[PDB]
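Chemist: Mind the numbering: the sequence shown is residues 2 to 167, 178 to 356 in the authors' numbering, read in order.
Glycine included, every Cβ here is placed at the ideal spot set by N, Cα and C.
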Amino acid sequence: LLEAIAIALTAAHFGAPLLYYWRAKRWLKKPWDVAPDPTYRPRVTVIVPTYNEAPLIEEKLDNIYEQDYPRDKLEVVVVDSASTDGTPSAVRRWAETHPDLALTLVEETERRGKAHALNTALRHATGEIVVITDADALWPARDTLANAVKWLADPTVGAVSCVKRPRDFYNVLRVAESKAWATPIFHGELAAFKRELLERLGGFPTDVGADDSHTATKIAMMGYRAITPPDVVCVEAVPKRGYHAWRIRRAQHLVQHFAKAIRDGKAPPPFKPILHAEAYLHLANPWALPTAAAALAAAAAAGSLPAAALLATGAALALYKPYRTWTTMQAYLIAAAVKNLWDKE
Ligand SMILES: Nc1nc2c(ncn2[C@@H]2O[C@H](COP(=O)(O)OP(=O)(O)O[C@H]3O[C@H](CO)[C@@H](O)[C@H](O)[C@@H]3O)[C@@H](O)[C@H]2O)c(=O)[nH]1
Ligand SMILES: [Mn+2]
């Protein structure tokens, strides 16, 4: 009996994403319902929140300086949340050598988290477009910012983020959901919002971890569009040490985000399938996997040996990488739900 539910749960667990992926690939066929406008030239405020990133901060403001967006339409706000290792002290060094780039560095009381810093920065922002970008993120081309901005021209588009590149099943979901209506996941490498909507929201909330995705999703719910077009590209920043902990800090942010998002309001009809499927994939399906694993483990230790064959196959499939990064993602999600439940105390 426990092999029965193990294979049922395995079927349900792997079938949910594959069916969703097929519906995404049919969304991917339709043409964009909005167009980037290359002559659109709004005032743009780029906000870099920093706590202890000195090597990265000098590479980062180099990266923003090198953007080809008209410098009279651009300003940077760097927010240090009262960090120790003298990154503000590097920041005005870079500001000494680059005076023609409009810059305001703003220092905090002490660290109250990223969203709170973003709201402080927001009361300095003067642009029509507000771009959040993490300090460890580098834009690979001198037109990355301009490309995001072209996509913000349409009045229905409220937010744009990048696709990440060097299983790009992920990127398919991103731009398919983008074309359908909105994608509920944004990337901190580049998150661009129309400031009028941030003011209506108002600001970023301090209780969700995935600031970008939460704002993007709130803008989608408001009847605006939140998209990651394929030509707005950033390279993912990988931390190095503590990779699993970092990936689990991000799973936990996605789990908090989707948990709060589906307990609020009604999505525009084209968005409610998107929201519910991605909330399912982040909050439900991961549990099906290790429950099946344990039922097979019990059936193996006591009695049956088709069960133990299924687990041994499971390992032999741990050799090839797509299945590896899938089951490890499910692992991060389950760990995250656990740490989420026990952290609030
Ligand atoms: N001012 C300020 N800045 C902060 C703080 N914490 C982090 N930052 C800055 O925010 C960026 C990311 O900080 P991380 O600690 O590395 O966060 P993360 O794990 O990399 O995740 C980030 O991106 C995710 C989305 O890709 C988000 O889930 C998350 O909220 C954050 O933006 C960096 O530029 C960092 O200096 C803070 O408390 N105060
Ligand atoms: Mn980071």
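Ignore the nearest five residues each way along the sequence and tell me which others in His14's own chain have a CB closer than 6 Å to its CB.
Modeler: Translated into the one-based positions of the sequence shown, residue 14 becomes position 13. Excluding sequence neighbours, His14 sits near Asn296, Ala299 and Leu300.
Chemist: By Cβ distance below 6 Å, which residues in the same chain neighbour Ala187 in space, the five residues on each side in sequence not counted?
Modeler: Locating residue 187 in the sequence shown gives position 176, where the first residue counts as 1. For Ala187, where only same-chain residues beyond five positions count, the Cβ hits under 6 Å are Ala25, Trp28 and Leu29.
Chemist: If you reduce the DSSP assignment to three classes, tell me which class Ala202 lands in.
Modeler: As a first step, residue 202 must be located in the sequence shown, where it is residue number 191. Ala202 falls in the strand class under three-state DSSP.
Chemist: Assuming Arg44 contacts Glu129 (C-beta within less than 8 Å), just tell me the rounded distance between them.
Modeler: Along the sequence shown, one-based indexing puts residue 44 at 43. Along the sequence shown, one-based indexing puts residue 129 at 128. Contact flag correct, Cβ pair sits at about 5 Å.
Chemist: Cα-Cα, which of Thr121, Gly253 and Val164 is closest to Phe215?
Modeler: Taking the first residue of the sequence shown as position 1, residue 215 is located at position 204. Among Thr121, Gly253 and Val164, the Cα nearest to that of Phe215 belongs to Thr121.
Chemist: Going by C-alpha to C-alpha distance, which of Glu97, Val132 and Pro32 sits closest to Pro50?
Modeler: Start at 1 with the first residue of the sequence shown, and residue 50 comes out as number 49. Closest by alpha carbon: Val132.
Chemist: Given 7 Å as the limit, tell me if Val80 has its C-beta closer than that to any heavy atom belonging to ligand 1.
Modeler: The residue labelled residue 80 in the question sits at position 79 within the sequence shown. Within the cutoff, so yes.
Chemist: Note down the Cα distance separating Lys165 from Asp242, rounded to an integer number of angstroms.
Modeler: On the sequence shown, residue 165 is found 164 positions in, with the first residue counted as 1. On the sequence shown, residue 242 is found 231 positions in, with the first residue counted as 1. Spanning the two alpha carbons is a distance of roughly 10 Å.
Chemist: Helix, strand or coil, according to DSSP, for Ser315 in the structure here?
Modeler: Taking the first residue of the sequence shown as position 1, residue 315 is located at position 304. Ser315 falls in the coil class under three-state DSSP.
Chemist: With a threshold of 8 Å, are at least 3 pairs of Cβ atoms found where one atom belongs to the stretch 96-112 and the other to the stretch 49-67?
Modeler: Counting Cβ pairs under 8 Å, three or more are found: they touch.
Chemist: What residues does ligand 2 have around it, judged by CB closer than 6 Å to any heavy atom, in chain order?
Modeler: Counting every residue whose Cβ lies closer than 6 Å to a heavy atom of ligand 2, we get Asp135, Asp137 and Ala248.
Chemist: In terms of alpha-carbon separation, which member of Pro39, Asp38, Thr40 and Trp140 lies closest to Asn64?
Modeler: Here residue 64 refers to the residue found at position 63 of the sequence shown. Out of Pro39, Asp38, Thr40 and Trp140, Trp140 has the C-alpha closest to the C-alpha of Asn64.
Chemist: Per the DSSP calculation, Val150 is bridged to which residue(s)?
Modeler: Stepping through the sequence shown from its first residue, residue 150 is reached at position 149. Note: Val150 sits in no beta bridge, so no partner.
Chemist: Can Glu111 be considered in contact with ligand 1, in the sense that its beta carbon sits closer than 7 Å to one or more heavy atoms?
Modeler: As a first step, residue 111 is located in the sequence shown; it is residue number 110 there, counting from the start. For ligand 1, not one heavy atom lies less than 7 Å from the Cβ of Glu111.
Chemist: Suppose you measure from the CA of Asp38 to the CA of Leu10; what does that come to, to the nearest Å?
Modeler: In the sequence shown, counting from the first residue as 1, residue 38 sits at position 37. In the sequence shown, counting from the first residue as 1, residue 10 sits at position 9. Cα to Cα, the separation comes out at about 47 Å.
Chemist: Give the straight-line distance between the Cα atoms of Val35 and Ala320, rounded to the nearest whole angstrom.
Modeler: Counting from 1 along the sequence shown, the entry for residue 35 is found at position 34. Counting from 1 along the sequence shown, the entry for residue 320 is found at position 309. Taking the straight line joining both Cα atoms gives about 51 Å.
Chemist: Compare the beta carbon distance of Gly199 and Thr134 with 8 Å and say whether it is the shorter of the two.
Modeler: In the sequence shown, counting from the first residue as 1, residue 199 sits at position 188. In the sequence shown, counting from the first residue as 1, residue 134 sits at position 133. The answer is yes: Cβ separation under 8 Å.
Chemist: Taking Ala256 as the reference, which of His293, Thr339 and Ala147 has the closest Cα?
Modeler: Translated into positions along the sequence shown, residue 256 becomes position 245. Here the closest residue by C-alpha is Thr339.
Chemist: Is it buried or exposed, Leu265, if we count other Cβ atoms within 10 angstroms and call 16 or more buried?
Modeler: Within the sequence shown, the letter at position 254 stands for residue 265. The residue is buried, with at least 16 neighbouring Cβ atoms inside 10 Å.
Chemist: Between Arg335 and the rest of its own chain, which residues show a CB-CB distance below 7 Å, the 5 nearest in sequence each way excluded?
Modeler: Reading the sequence shown from its first residue, position 324 is the one you call residue 335. Cβ within range, chain order: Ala329.
Chemist: Take the Cβ of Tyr331 as the centre, count every other Cβ of all protein chains shown within 10 Å, and call the residue buried at 16 or more, exposed below.
Modeler: Looking up residue 331 in the sequence shown gives position 320. By the 10 Å Cβ count, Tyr331 comes out exposed.
Chemist: Here's the rule: buried if 16 or more other CB atoms are within 10 angstroms of the residue's CB, otherwise exposed. What is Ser224?
Modeler: For the purposes of this step, residue 224 is taken as the residue at position 213 of the sequence shown. It counts as buried.
Chemist: Determine the direct distance from the alpha carbon of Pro167 to that of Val244, and round the result to whole angstroms.
Modeler: In the sequence shown, counting from the first residue as 1, residue 244 sits at position 233. In the sequence shown, counting from the first residue as 1, residue 167 sits at position 166. So the alpha carbons of these two residues sit roughly 10 Å apart.
Chemist: Keeping to the same chain, check which residues put their C-beta closer than 8 Å to that of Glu59; ignore five residues upstream and five downstream.
Modeler: Locating residue 59 in the sequence shown gives position 58, counting from the first residue. So the qualifying residues of the chain are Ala91, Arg94 and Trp95.
Chemist: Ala126: which of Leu184, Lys74 and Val158 sits nearest, CA to CA?
Modeler: Walking along the sequence shown from the start, residue 126 turns up at place 125. Taking only the C-alpha atoms, the option nearest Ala126 is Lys74.
Chemist: From the DSSP output, read off the bridge partner residues of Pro50.
Modeler: Counted from its first residue, the sequence shown places residue 50 at position 49. Answer is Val80, bridged to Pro50.
Chemist: Just mark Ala221 as buried or exposed, buried being the case when its beta carbon has 16 or more other beta carbons within 10 Å.
Modeler: Working through the sequence shown from its first residue, we reach residue 221 at position 210. Result: buried.
Chemist: With DSSP run on the structure shown, which of helix, strand or coil describes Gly159?
Modeler: Translated into the one-based positions of the sequence shown, residue 159 becomes position 158. Reduced to three states, the DSSP call for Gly159 is strand.
Chemist: So, for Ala272: in the same chain, excluding its five sequence neighbours on each side, which residues have a beta-carbon less than 6 Å away from its beta-carbon?
Modeler: Here residue 272 is taken as the residue at index 261 of the sequence shown, counted from 1. Excluding sequence neighbours, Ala272 sits near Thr228.
Chemist: Nearest to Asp155 by alpha carbon, out of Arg42, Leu286 and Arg185?
Modeler: As a first step, residue 155 is located in the sequence shown; it is residue number 154 there, counting from the start. Comparing Cα positions, the closest option is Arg42.
Chemist: Please work out which residues of its chain come closer than 6 Å, Cβ to Cβ, to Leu184, disregarding the five sequence neighbours upstream and downstream, and give them in chain order.
Modeler: By 1-based counting over the sequence shown, the position of residue 184 is 173. Cβ within range, chain order: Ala25.
Chemist: Where does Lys30 sit, in a helix, a strand or coil, going by DSSP?
Modeler: Within the sequence shown, the letter at position 29 stands for residue 30. Note: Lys30 maps to coil in three-state DSSP.
Chemist: Out of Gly314, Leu119, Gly213 and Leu153, state which residue places its alpha-carbon closest to the alpha-carbon of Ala237.
Modeler: In the sequence shown, counting from the first residue as 1, residue 237 sits at position 226. Measuring from the Cα of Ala237, the nearest candidate turns out to be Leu153.
Chemist: Taking Cβ positions, are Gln263 and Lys355 nearer each other than 8 Å?
Modeler: As a first step, residue 263 must be located in the sequence shown, where it is residue number 252. As a first step, residue 355 must be located in the sequence shown, where it is residue number 344. For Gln263 and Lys355, no; Cβs fall outside 8 Å.
Chemist: Tell me the start and end of each unbroken alpha helix (DSSP H) in the stretch 191-244 that is at least 4 residues and wholly inside, in chain order.
Modeler: Runs found: 206-212 and 222-232.
Chemist: By how many angstroms is the C-alpha of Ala311 removed from the C-alpha of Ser162?
Modeler: Residue numbering aside, residue 162 sits at position 161 when the sequence shown is read from its first letter. Residue numbering aside, residue 311 sits at position 300 when the sequence shown is read from its first letter. Near 47 Å, if we compare the C-alpha coordinates of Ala311 and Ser162.
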